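These notes are about the structure you will find just below.
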Amino acid sequence: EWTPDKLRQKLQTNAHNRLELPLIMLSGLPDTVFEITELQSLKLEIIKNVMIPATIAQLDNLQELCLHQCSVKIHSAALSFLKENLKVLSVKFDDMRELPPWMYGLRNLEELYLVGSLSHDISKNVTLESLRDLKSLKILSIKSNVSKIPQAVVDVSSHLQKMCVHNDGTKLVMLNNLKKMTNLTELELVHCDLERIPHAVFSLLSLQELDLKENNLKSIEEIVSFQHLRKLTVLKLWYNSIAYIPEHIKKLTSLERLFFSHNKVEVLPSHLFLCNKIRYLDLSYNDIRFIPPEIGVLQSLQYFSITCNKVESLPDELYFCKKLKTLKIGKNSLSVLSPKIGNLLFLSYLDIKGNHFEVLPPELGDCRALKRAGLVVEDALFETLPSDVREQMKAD
Amino acid sequence: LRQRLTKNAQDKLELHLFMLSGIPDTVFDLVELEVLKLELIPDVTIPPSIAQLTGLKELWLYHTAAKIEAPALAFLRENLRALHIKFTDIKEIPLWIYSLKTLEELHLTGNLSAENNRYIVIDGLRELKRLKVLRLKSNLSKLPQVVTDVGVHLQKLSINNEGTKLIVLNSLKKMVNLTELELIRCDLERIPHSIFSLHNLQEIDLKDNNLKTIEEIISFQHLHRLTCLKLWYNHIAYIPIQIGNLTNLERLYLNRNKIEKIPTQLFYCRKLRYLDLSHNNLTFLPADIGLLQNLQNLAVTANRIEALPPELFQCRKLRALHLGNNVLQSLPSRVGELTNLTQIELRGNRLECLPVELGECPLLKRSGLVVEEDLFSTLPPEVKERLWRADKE
């Protein structure tokens with residue numbers, strides 16, 4: 001049925017910039033797959049009871065597999081070759097059998113994407129506890145209901161660098177495992193049903209990026225020990241229900257990426273602005289009433305997204321900070337725009353869509369890095385500008 | 001067979017006959033066909049109906065023991081110009097290929113070296129007169145004396161031994177008309193002096209020769225015509241400064257090597273156009289790249305370059321900036337000054353966000369701008385509309 005020409009014309013690229021074959025809705029693998037020796041990945045989608053021959057040894061460029069609902073078997077020399085060649089895996093298991101036990105036999109694995117539907121009997125998975133065989137595993141993305149963190153995660157405490165869970169509405173418990181992370185740098189607990197910050201997350205000592213998206217955090221209180229995460233620069237806490245940020249965030253002086261958008265914060269604190277190192281501050285779609293005038297300390301802030309908030313009064317202290325490059329105040333509750341905006345030499349983004357304005361001042365021509373495509377304004381207010389001011393951002 | 005017709009890399013009409021009992025006469029009834037591909041055809045005879053195949057110029061013989069009719073033999077003698085022969089046994093090669101006179105391109109892939117058949121079977125290529133391209137993927141232990149006899153008129157010598165070293169013995173001195181030499185997978189471990197004795201070469205490829213050291217290139221100024229020094233897929237860990245003497249290089253393919261630092265003397269050559277240093281150990285890019293104004297496709301894919309200097313954007317002729325799989329923290333806005341950029345690769349990097357000025361390039365489109373979707377979302381929806389329109393319009 002399948003000629004090598006058909007597989008050559010089937011060839012395309014994946015989301016990881018690799019040459020991937022998207023074999024979808026088939027009975028098995030063709031033997032003409034291995035004639036394309038330049039292949040770097042195969043996407044097997046719903047191809048069950050597949051037996052991989054040893055001819056996979058011809059796939060010297062192969063470094064990735066993506067198994068989507070495939071109960072695939074492999075042969076011994078093919079197993080050895082993929083043990084000595086493969087780096088990336090991504091297996092989805094709608095059914096338990098679709099997750100193969102052979103895939104843990106490799107040792108050159110770096111990145112794993114364990115999407116699927118895991119049963120709640122997680123500690124019984126000896127197939128999981130075989131990730132200790134992998135001596136280079138650094139990325140582990142489990143898109144499944146991980147109620148209790150496996151001791152498989154314990155066995156890969158050091159070599160792991162990226163840890164991702166999409167728990168999908170299940171509470172993440174048995175915190176001692178995440179306490180046992182030593183050299184983990186990126187913790188991505190997306191929707192782990194965390195009613196607050198776990199003590200396990202806070203027992204991390206080498207974290208660099210923490211994401212608690214869609215986790216209903218109640219407070220950020222234990223921060224007296226975030227000072228030990230001097231390696232941390234990225235705090236991802238948006239799409240949450242946090243209502244306040246206390247002074248305790250002053251403990252981390254290496255924080256650069258801060259996410260607090262779509263939150264329940266009704267008034268932005270000034271002690272949050274007391275920190276000056278923060279370069280990325282995201283607070284879009286929040287309930288913020290006003291900005292305290294202590295934001296002038298935040299000079300290094302290159303991203304202050306306050307767009308789609310409830311903010312009615314914007315102080316002039318924010319316009320003193322000239323390093324703010326990406327500024328979005330669209331769909332806010334402002335009335336007039338500050339004339340003093342020309343000191344922002346580095347200002348590429350300005351978004352003011354939806355917000356009520358009376359007259360656009362000529363001082364919008366004072367911005368130097370502003371662009372017409374970067375200045376997202378309605379056509380009606382595009383008309384309400386001087387022709388020279390129009391050309392100031394329109395002509396490149 | 002009309003719907004079976006395809007086109008090759010040389011834009012010629014093509015027809016691949018794979019695993020047939022013989023060869024159809026309706027294939028031979030075709031007139032628009034240019035390259036017919038005979039693969040795994042067991043013991044067929046060529047009918048004289050090849051007189052209909054006037055546009056036929058490339059006969060591709062893959063494991064095909066072909067017997068030949070005399071009028072078809074004369075027609076192929078006066079028409080056929082490119083023959084590729086792959087065989088598993090030295091008896092599989094047809095003996096009428098020597099009678100061909102209009103043949104210039106020959107691709108003898110498969111072991112010519114055998115006991116008492118080591119280049120004695122192809123001793124009949126002395127009958128070949130206009131042969132200019134002689135590809136030999138044949139595991140040759142030593143280069144034949146027959147090509148030393150033939151190479152007066154030979155213009156390209158692509159030898160693939162797949163892991164067997166050539167004892168060249170400076171025998172290319174009698175072979176003076178080469179413009180291209182592609183020694184690929186020869187495991188030479190050093191550059192021989194036969195390339196140095198030659199003078200007419202303009203494209204030198206030494207792919208996968210396990211070249212640990214390339215210090216000989218100081219003498220390459222003797223080769224006044226070289227324009228493509230493809231020193232890729234080797235074990236090259238450094239570049240000697242005498243490459244600065246090589247001002248005539250236009251494409252310097254050093255990718256998949258172990259080079260960790262570029263000396264600035266390499267950056268003296270103003271004629272470099274394709275500086276591919278991908279899959280290497282480079283940690284920084286020198287600013288003198290702004291001097292290389294003729295550079296078009298700078299591929300530093302999968303390197304250790306953390307920050308692009310602004311002087312990189314001094315060269316306005318960058319057409320394809322392959323920055324993928326690197327550790328680029330942020331791409332400076334000076335890329336908005338570039339106009340010739342058609343495809344930039346940023347997926348797989350440490351890129352925090354895509355700057356707005358990236359949309360300033362006119363010829364860039366979504367197919368050209370390959371990047372992660374969330375990184376694409378960082379551009380303004382009006383700038384994103386411009387780029388999505390470049391995808392559409």
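We name chains A, B, ... following the order of the structure tokens; residues begin at 1 in each chain, and ligands are numbered from 1 as shown.
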Apply DSSP to the structure's backbone, then extract all residues of stretch 5-82 of chain B labelled strand (DSSP E or B) and return them as a PyMOL selection string. chain B and resi 6-7+13-18+35-39+44-46+58-62+66-68+82
Using only N, CA, C and O atoms, please write the residues we just selected to a file, as a JSON list (two decimals), in the first residue's frame.
```json
[["chain", "number", "residue", "atom", "x", "y", "z"],
["B", 6, "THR", "N", 7.01, 12.64, -13.08],
["B", 6, "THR", "CA", 7.42, 13.56, -12.03],
["B", 6, "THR", "C", 8.59, 14.40, -12.52],
["B", 6, "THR", "O", 9.01, 14.30, -13.68],
["B", 7, "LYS", "N", 9.12, 15.24, -11.63],
["B", 7, "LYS", "CA", 10.26, 16.09, -11.95],
["B", 7, "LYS", "C", 11.34, 15.91, -10.89],
["B", 7, "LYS", "O", 11.05, 15.70, -9.71],
["B", 13, "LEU", "N", 11.68, 15.94, -16.64],
["B", 13, "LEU", "CA", 10.57, 15.01, -16.47],
["B", 13, "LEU", "C", 11.10, 13.62, -16.16],
["B", 13, "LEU", "O", 12.10, 13.17, -16.72],
["B", 14, "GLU", "N", 10.42, 12.94, -15.24],
["B", 14, "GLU", "CA", 10.98, 11.76, -14.59],
["B", 14, "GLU", "C", 9.97, 10.62, -14.55],
["B", 14, "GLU", "O", 8.75, 10.85, -14.56],
["B", 15, "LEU", "N", 10.49, 9.40, -14.49],
["B", 15, "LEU", "CA", 9.65, 8.20, -14.44],
["B", 15, "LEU", "C", 10.43, 7.10, -13.73],
["B", 15, "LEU", "O", 11.42, 6.59, -14.28],
["B", 16, "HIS", "N", 9.98, 6.71, -12.54],
["B", 16, "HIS", "CA", 10.66, 5.70, -11.72],
["B", 16, "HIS", "C", 9.97, 4.36, -11.91],
["B", 16, "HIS", "O", 8.83, 4.18, -11.46],
["B", 17, "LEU", "N", 10.65, 3.43, -12.56],
["B", 17, "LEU", "CA", 10.16, 2.07, -12.72],
["B", 17, "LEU", "C", 10.79, 1.19, -11.65],
["B", 17, "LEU", "O", 11.98, 0.86, -11.73],
["B", 18, "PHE", "N", 10.01, 0.81, -10.65],
["B", 18, "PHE", "CA", 10.49, 0.07, -9.49],
["B", 18, "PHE", "C", 9.78, -1.27, -9.41],
["B", 18, "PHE", "O", 8.55, -1.32, -9.32],
["B", 35, "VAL", "N", 14.16, 11.73, -17.81],
["B", 35, "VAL", "CA", 14.94, 10.83, -16.97],
["B", 35, "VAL", "C", 14.06, 9.63, -16.64],
["B", 35, "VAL", "O", 13.07, 9.76, -15.91],
["B", 36, "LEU", "N", 14.42, 8.46, -17.16],
["B", 36, "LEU", "CA", 13.77, 7.20, -16.78],
["B", 36, "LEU", "C", 14.65, 6.48, -15.76],
["B", 36, "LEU", "O", 15.88, 6.46, -15.89],
["B", 37, "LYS", "N", 14.02, 5.91, -14.73],
["B", 37, "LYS", "CA", 14.73, 5.37, -13.57],
["B", 37, "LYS", "C", 14.46, 3.86, -13.48],
["B", 37, "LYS", "O", 13.41, 3.44, -13.00],
["B", 38, "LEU", "N", 15.43, 3.05, -13.91],
["B", 38, "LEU", "CA", 15.28, 1.60, -13.93],
["B", 38, "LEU", "C", 15.86, 1.03, -12.64],
["B", 38, "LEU", "O", 17.07, 0.88, -12.49],
["B", 39, "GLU", "N", 14.97, 0.69, -11.70],
["B", 39, "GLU", "CA", 15.37, 0.18, -10.39],
["B", 39, "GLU", "C", 14.79, -1.21, -10.19],
["B", 39, "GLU", "O", 13.57, -1.40, -10.29],
["B", 44, "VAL", "N", 16.17, -7.45, -18.37],
["B", 44, "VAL", "CA", 15.31, -6.93, -19.42],
["B", 44, "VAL", "C", 16.17, -6.52, -20.61],
["B", 44, "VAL", "O", 17.38, -6.28, -20.48],
["B", 45, "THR", "N", 15.55, -6.46, -21.78],
["B", 45, "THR", "CA", 16.18, -6.00, -23.01],
["B", 45, "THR", "C", 15.55, -4.68, -23.42],
["B", 45, "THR", "O", 14.33, -4.53, -23.37],
["B", 46, "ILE", "N", 16.39, -3.73, -23.84],
["B", 46, "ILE", "CA", 15.94, -2.40, -24.22],
["B", 46, "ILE", "C", 15.42, -2.48, -25.66],
["B", 46, "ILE", "O", 16.21, -2.80, -26.56],
["B", 58, "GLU", "N", 18.91, 10.95, -19.38],
["B", 58, "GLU", "CA", 19.50, 10.32, -18.20],
["B", 58, "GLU", "C", 18.89, 8.94, -18.00],
["B", 58, "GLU", "O", 17.72, 8.82, -17.62],
["B", 59, "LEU", "N", 19.69, 7.91, -18.23],
["B", 59, "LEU", "CA", 19.30, 6.53, -17.96],
["B", 59, "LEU", "C", 19.81, 6.17, -16.57],
["B", 59, "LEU", "O", 21.02, 6.21, -16.32],
["B", 60, "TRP", "N", 18.90, 5.83, -15.66],
["B", 60, "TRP", "CA", 19.27, 5.54, -14.28],
["B", 60, "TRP", "C", 19.14, 4.03, -14.10],
["B", 60, "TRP", "O", 18.03, 3.49, -14.15],
["B", 61, "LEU", "N", 20.26, 3.35, -13.89],
["B", 61, "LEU", "CA", 20.28, 1.89, -13.78],
["B", 61, "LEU", "C", 20.57, 1.50, -12.34],
["B", 61, "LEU", "O", 21.70, 1.67, -11.85],
["B", 62, "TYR", "N", 19.56, 0.98, -11.65],
["B", 62, "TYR", "CA", 19.71, 0.51, -10.27],
["B", 62, "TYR", "C", 19.47, -0.99, -10.25],
["B", 62, "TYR", "O", 18.33, -1.45, -10.39],
["B", 66, "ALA", "N", 20.85, -5.10, -17.93],
["B", 66, "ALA", "CA", 20.17, -4.71, -19.15],
["B", 66, "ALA", "C", 20.89, -5.26, -20.37],
["B", 66, "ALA", "O", 22.10, -5.05, -20.53],
["B", 67, "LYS", "N", 20.15, -5.96, -21.22],
["B", 67, "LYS", "CA", 20.61, -6.33, -22.55],
["B", 67, "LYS", "C", 20.07, -5.31, -23.54],
["B", 67, "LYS", "O", 19.06, -4.65, -23.28],
["B", 68, "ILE", "N", 20.74, -5.17, -24.68],
["B", 68, "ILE", "CA", 20.56, -3.99, -25.51],
["B", 68, "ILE", "C", 20.40, -4.44, -26.96],
["B", 68, "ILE", "O", 21.09, -5.37, -27.41],
["B", 82, "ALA", "N", 23.80, 10.78, -19.67],
["B", 82, "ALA", "CA", 24.06, 10.59, -18.24],
["B", 82, "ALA", "C", 23.59, 9.21, -17.82],
["B", 82, "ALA", "O", 22.40, 8.88, -17.97]]
```
Neighbour list for residue B:102 as a CSV table (one decimal) with N, CA and C atoms, in the first residue's frame, cut-off 9 Å, only C-alpha atoms, skip fewer than 4 positions in-chain:
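Okay, this is what ended up in part-v8.csv:
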```csv
chain,number,residue,atom,x,y,z
B,76,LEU,N,21.3,5.3,-28.2
B,76,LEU,CA,21.9,5.7,-26.9
B,76,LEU,C,23.3,6.2,-27.1
B,77,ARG,N,24.0,5.6,-28.1
B,77,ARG,CA,25.3,6.2,-28.4
B,77,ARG,C,25.3,7.6,-28.8
B,78,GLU,N,24.2,8.0,-29.6
B,78,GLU,CA,24.1,9.3,-30.1
B,78,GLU,C,23.2,10.2,-29.3
B,79,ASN,N,22.5,9.7,-28.3
B,79,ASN,CA,21.6,10.6,-27.5
B,79,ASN,C,21.9,10.5,-26.0
B,80,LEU,N,22.1,9.4,-25.5
B,80,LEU,CA,22.1,9.3,-24.0
B,80,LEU,C,23.4,9.9,-23.5
B,81,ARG,N,23.3,10.7,-22.4
B,81,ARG,CA,24.4,11.6,-21.9
B,81,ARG,C,24.7,11.4,-20.5
B,82,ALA,N,23.8,10.8,-19.7
B,82,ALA,CA,24.1,10.6,-18.2
B,82,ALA,C,23.6,9.2,-17.8
B,128,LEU,N,35.3,5.7,-23.2
B,128,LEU,CA,34.5,6.9,-22.9
B,128,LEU,C,35.5,8.1,-23.1
B,129,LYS,N,35.0,9.1,-23.9
B,129,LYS,CA,35.8,10.2,-24.2
B,129,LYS,C,35.3,11.5,-23.6
B,130,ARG,N,34.0,11.8,-23.5
B,130,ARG,CA,33.5,13.0,-23.0
B,130,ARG,C,33.1,13.0,-21.5
B,131,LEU,N,33.5,11.9,-20.8
B,131,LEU,CA,33.1,11.8,-19.4
B,131,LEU,C,33.7,12.9,-18.6
```
So what do you get for atom CA of residue A:133 versus atom CA of residue A:59, distance-wise? 23.2 Å
Tell me which protein, DNA and RNA residues are within 10 Å of residue A:368, counting only C-alpha atoms, leaving out same-chain ones fewer than 6 positions away, and put them as a list in words. residues 341, 342, 343, 344, 345, 346, 347, 348, 392 and 393 of chain A
Deliver the residues from the most recent selection as a file, using N, CA, C and O atoms, as an mmCIF file, in the first residue's frame.
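Heads up, here's the output in result.cif:
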```
data_model
loop_
_atom_site.group_PDB
_atom_site.id
_atom_site.type_symbol
_atom_site.label_atom_id
_atom_site.label_comp_id
_atom_site.auth_asym_id
_atom_site.auth_seq_id
_atom_site.Cartn_x
_atom_site.Cartn_y
_atom_site.Cartn_z
ATOM 1 N N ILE A 341 5.189 61.488 28.142
ATOM 2 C CA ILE A 341 5.388 60.105 27.731
ATOM 3 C C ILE A 341 6.656 60.036 26.888
ATOM 4 O O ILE A 341 7.166 58.950 26.588
ATOM 5 N N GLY A 342 7.183 61.204 26.516
ATOM 6 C CA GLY A 342 8.343 61.283 25.646
ATOM 7 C C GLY A 342 9.638 60.803 26.265
ATOM 8 O O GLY A 342 10.580 60.503 25.524
ATOM 9 N N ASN A 343 9.712 60.728 27.597
ATOM 10 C CA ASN A 343 10.911 60.208 28.241
ATOM 11 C C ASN A 343 11.074 58.709 28.021
ATOM 12 O O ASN A 343 12.180 58.186 28.192
ATOM 13 N N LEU A 344 10.002 58.009 27.646
ATOM 14 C CA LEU A 344 10.069 56.584 27.324
ATOM 15 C C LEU A 344 10.686 56.435 25.936
ATOM 16 O O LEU A 344 9.998 56.321 24.917
ATOM 17 N N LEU A 345 12.021 56.451 25.902
ATOM 18 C CA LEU A 345 12.734 56.286 24.640
ATOM 19 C C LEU A 345 12.558 54.871 24.098
ATOM 20 O O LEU A 345 12.389 54.679 22.888
ATOM 21 N N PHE A 346 12.587 53.872 24.977
ATOM 22 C CA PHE A 346 12.436 52.471 24.588
ATOM 23 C C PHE A 346 11.008 52.056 24.924
ATOM 24 O O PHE A 346 10.719 51.603 26.029
ATOM 25 N N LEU A 347 10.108 52.215 23.953
ATOM 26 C CA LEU A 347 8.691 51.900 24.140
ATOM 27 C C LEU A 347 8.138 51.412 22.803
ATOM 28 O O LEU A 347 7.755 52.219 21.951
ATOM 29 N N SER A 348 8.095 50.091 22.627
ATOM 30 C CA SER A 348 7.621 49.520 21.370
ATOM 31 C C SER A 348 6.116 49.279 21.397
ATOM 32 O O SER A 348 5.409 49.614 20.441
ATOM 33 N N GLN A 392 4.681 60.007 11.684
ATOM 34 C CA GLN A 392 5.739 59.758 12.658
ATOM 35 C C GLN A 392 5.831 58.282 13.024
ATOM 36 O O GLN A 392 6.932 57.743 13.192
ATOM 37 N N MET A 393 4.688 57.611 13.157
ATOM 38 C CA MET A 393 4.667 56.179 13.413
ATOM 39 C C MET A 393 4.286 55.353 12.192
ATOM 40 O O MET A 393 4.619 54.164 12.144
#
```
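Using only C-alpha atoms, the chain B residues found within 8 Å of chain A amount to residues 347, 348, 356, 360, 372, 380, 382 and 383 of chain B.
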Spatial neighbours of residue A:204, max dist 12 Å, only C-alpha atoms, sep filter under 6 positions, as a VMD selection string: chain A and resid 157 to 158 175 to 187 197 to 198 210 225 to 232
Atoms to include: N, CA and C atoms. Write the selected residues as a PDB file, in the first residue's frame.
```pdb
ATOM      1  N   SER A 157      15.485  12.733  40.662  1.00  0.00           N
ATOM      2  CA  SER A 157      15.540  13.997  41.392  1.00  0.00           C
ATOM      3  C   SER A 157      16.631  14.921  40.861  1.00  0.00           C
ATOM      4  N   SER A 158      17.794  14.369  40.514  1.00  0.00           N
ATOM      5  CA  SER A 158      18.933  15.214  40.166  1.00  0.00           C
ATOM      6  C   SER A 158      18.910  15.608  38.694  1.00  0.00           C
ATOM      7  N   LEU A 175       3.926  15.295  49.369  1.00  0.00           N
ATOM      8  CA  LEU A 175       4.851  16.389  49.120  1.00  0.00           C
ATOM      9  C   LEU A 175       6.322  16.024  49.305  1.00  0.00           C
ATOM     10  N   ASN A 176       6.631  14.916  49.981  1.00  0.00           N
ATOM     11  CA  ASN A 176       8.026  14.597  50.274  1.00  0.00           C
ATOM     12  C   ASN A 176       8.825  14.306  49.008  1.00  0.00           C
ATOM     13  N   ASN A 177       8.165  13.792  47.968  1.00  0.00           N
ATOM     14  CA  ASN A 177       8.846  13.589  46.696  1.00  0.00           C
ATOM     15  C   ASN A 177       9.333  14.907  46.110  1.00  0.00           C
ATOM     16  N   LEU A 178       8.448  15.901  45.999  1.00  0.00           N
ATOM     17  CA  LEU A 178       8.878  17.200  45.487  1.00  0.00           C
ATOM     18  C   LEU A 178       9.828  17.901  46.450  1.00  0.00           C
ATOM     19  N   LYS A 179       9.822  17.517  47.731  1.00  0.00           N
ATOM     20  CA  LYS A 179      10.928  17.910  48.600  1.00  0.00           C
ATOM     21  C   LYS A 179      12.243  17.286  48.148  1.00  0.00           C
ATOM     22  N   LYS A 180      12.200  16.075  47.584  1.00  0.00           N
ATOM     23  CA  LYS A 180      13.441  15.395  47.215  1.00  0.00           C
ATOM     24  C   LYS A 180      14.066  15.901  45.916  1.00  0.00           C
ATOM     25  N   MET A 181      13.406  16.791  45.167  1.00  0.00           N
ATOM     26  CA  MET A 181      14.069  17.470  44.055  1.00  0.00           C
ATOM     27  C   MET A 181      15.275  18.258  44.551  1.00  0.00           C
ATOM     28  N   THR A 182      16.446  17.934  44.009  1.00  0.00           N
ATOM     29  CA  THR A 182      17.687  18.623  44.337  1.00  0.00           C
ATOM     30  C   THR A 182      18.125  19.596  43.254  1.00  0.00           C
ATOM     31  N   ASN A 183      18.302  19.121  42.020  1.00  0.00           N
ATOM     32  CA  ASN A 183      18.798  19.947  40.926  1.00  0.00           C
ATOM     33  C   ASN A 183      17.712  20.356  39.937  1.00  0.00           C
ATOM     34  N   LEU A 184      16.436  20.188  40.284  1.00  0.00           N
ATOM     35  CA  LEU A 184      15.367  20.660  39.412  1.00  0.00           C
ATOM     36  C   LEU A 184      15.375  22.180  39.325  1.00  0.00           C
ATOM     37  N   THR A 185      15.197  22.695  38.110  1.00  0.00           N
ATOM     38  CA  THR A 185      15.220  24.129  37.864  1.00  0.00           C
ATOM     39  C   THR A 185      13.877  24.699  37.441  1.00  0.00           C
ATOM     40  N   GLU A 186      13.065  23.944  36.706  1.00  0.00           N
ATOM     41  CA  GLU A 186      11.788  24.436  36.192  1.00  0.00           C
ATOM     42  C   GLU A 186      10.671  23.530  36.698  1.00  0.00           C
ATOM     43  N   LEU A 187       9.835  24.069  37.581  1.00  0.00           N
ATOM     44  CA  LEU A 187       8.681  23.361  38.125  1.00  0.00           C
ATOM     45  C   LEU A 187       7.426  23.967  37.511  1.00  0.00           C
ATOM     46  N   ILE A 197       0.171  27.437  48.217  1.00  0.00           N
ATOM     47  CA  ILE A 197       1.506  26.950  47.855  1.00  0.00           C
ATOM     48  C   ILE A 197       1.821  25.711  48.684  1.00  0.00           C
ATOM     49  N   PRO A 198       2.149  24.581  48.065  1.00  0.00           N
ATOM     50  CA  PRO A 198       2.572  23.414  48.845  1.00  0.00           C
ATOM     51  C   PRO A 198       3.904  23.668  49.533  1.00  0.00           C
ATOM     52  N   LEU A 210       8.922  28.735  38.501  1.00  0.00           N
ATOM     53  CA  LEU A 210       7.788  28.093  39.151  1.00  0.00           C
ATOM     54  C   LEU A 210       6.500  28.574  38.498  1.00  0.00           C
ATOM     55  N   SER A 225      11.528  32.101  53.204  1.00  0.00           N
ATOM     56  CA  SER A 225      12.494  31.139  52.693  1.00  0.00           C
ATOM     57  C   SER A 225      12.594  31.111  51.174  1.00  0.00           C
ATOM     58  N   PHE A 226      11.909  32.007  50.451  1.00  0.00           N
ATOM     59  CA  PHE A 226      12.218  32.144  49.029  1.00  0.00           C
ATOM     60  C   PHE A 226      13.589  32.774  48.790  1.00  0.00           C
ATOM     61  N   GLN A 227      14.242  33.302  49.832  1.00  0.00           N
ATOM     62  CA  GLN A 227      15.585  33.858  49.689  1.00  0.00           C
ATOM     63  C   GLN A 227      16.620  32.787  49.356  1.00  0.00           C
ATOM     64  N   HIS A 228      16.355  31.529  49.724  1.00  0.00           N
ATOM     65  CA  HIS A 228      17.207  30.423  49.293  1.00  0.00           C
ATOM     66  C   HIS A 228      17.047  30.092  47.812  1.00  0.00           C
ATOM     67  N   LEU A 229      15.957  30.511  47.176  1.00  0.00           N
ATOM     68  CA  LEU A 229      15.878  30.403  45.718  1.00  0.00           C
ATOM     69  C   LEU A 229      16.453  31.635  45.032  1.00  0.00           C
ATOM     70  N   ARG A 230      17.728  31.905  45.321  1.00  0.00           N
ATOM     71  CA  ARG A 230      18.466  32.946  44.618  1.00  0.00           C
ATOM     72  C   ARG A 230      18.641  32.623  43.141  1.00  0.00           C
ATOM     73  N   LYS A 231      18.534  31.345  42.766  1.00  0.00           N
ATOM     74  CA  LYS A 231      18.579  30.953  41.364  1.00  0.00           C
ATOM     75  C   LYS A 231      17.267  31.238  40.643  1.00  0.00           C
ATOM     76  N   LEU A 232      16.193  31.521  41.376  1.00  0.00           N
ATOM     77  CA  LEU A 232      14.893  31.749  40.760  1.00  0.00           C
ATOM     78  C   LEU A 232      14.836  33.137  40.135  1.00  0.00           C
TER      79      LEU A 232
END
```
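Residues in contact with residue A:23 at 10 Å, where only C-alpha atoms are counted and same-chain residues fewer than 4 positions away are skipped, are listed as residues 7, 10, 11, 28, 29, 30, 33, 42, 43, 44, 45, 46, 47, 67 and 68 of chain A.
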Could you save the residues just selected, with N, CA, C and O atoms, as a compact mmCIF listing (two decimals), in the first residue's frame?
```txt
# COMPACT_ATOMS: atom_id res chain seq x y z
N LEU A 7 5.60 8.30 1.33
CA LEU A 7 6.12 8.72 2.62
C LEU A 7 7.03 9.94 2.49
O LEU A 7 7.08 10.77 3.40
N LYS A 10 4.76 12.74 2.22
CA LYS A 10 4.09 12.91 3.51
C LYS A 10 4.95 13.72 4.49
O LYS A 10 4.40 14.30 5.44
N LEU A 11 6.25 13.81 4.24
CA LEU A 11 7.20 14.40 5.19
C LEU A 11 6.85 15.85 5.51
O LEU A 11 6.45 16.63 4.64
N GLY A 28 -0.25 -0.66 10.79
CA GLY A 28 1.09 -0.88 11.29
C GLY A 28 2.04 0.08 10.61
O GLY A 28 1.62 1.00 9.90
N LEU A 29 3.33 -0.12 10.84
CA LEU A 29 4.32 0.69 10.16
C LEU A 29 4.69 0.04 8.82
O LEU A 29 4.79 -1.19 8.75
N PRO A 30 4.82 0.81 7.75
CA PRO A 30 5.37 0.25 6.51
C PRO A 30 6.87 0.02 6.64
O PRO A 30 7.56 0.67 7.43
N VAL A 33 9.25 3.04 5.54
CA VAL A 33 9.56 4.15 6.44
C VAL A 33 11.07 4.29 6.59
O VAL A 33 11.61 5.40 6.54
N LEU A 42 9.02 10.33 14.31
CA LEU A 42 7.79 9.75 13.79
C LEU A 42 6.64 10.06 14.73
O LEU A 42 6.75 9.84 15.94
N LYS A 43 5.55 10.57 14.18
CA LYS A 43 4.29 10.71 14.90
C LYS A 43 3.42 9.51 14.54
O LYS A 43 2.96 9.39 13.40
N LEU A 44 3.24 8.60 15.49
CA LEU A 44 2.37 7.45 15.32
C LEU A 44 1.07 7.74 16.05
O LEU A 44 1.05 7.80 17.29
N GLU A 45 -0.01 7.95 15.30
CA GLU A 45 -1.30 8.31 15.87
C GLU A 45 -2.29 7.19 15.60
O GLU A 45 -2.66 6.94 14.44
N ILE A 46 -2.73 6.52 16.68
CA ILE A 46 -3.71 5.44 16.66
C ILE A 46 -3.29 4.35 15.69
O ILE A 46 -4.02 4.00 14.76
N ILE A 47 -2.09 3.81 15.89
CA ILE A 47 -1.59 2.66 15.14
C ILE A 47 -1.22 1.61 16.18
O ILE A 47 -0.10 1.60 16.70
N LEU A 67 4.25 8.92 20.26
CA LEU A 67 3.30 7.81 20.20
C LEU A 67 1.95 8.31 20.70
O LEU A 67 1.80 8.64 21.88
N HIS A 68 0.97 8.36 19.81
CA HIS A 68 -0.37 8.83 20.13
C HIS A 68 -1.32 7.65 20.00
O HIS A 68 -1.68 7.25 18.89
```
Would you pick out the contacts of residue B:48 at 7 Å or less, using only C-alpha atoms, so that residues sharing its chain but fewer than 2 positions from it are not included, and give the list as a ChimeraX atom specification? /B:46,50-51,69,71-72
In Å, with one decimal, what is the gap from atom CA of residue A:324 to atom CA of residue B:345?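 Here the two named atoms are 27.1 Å from each other.
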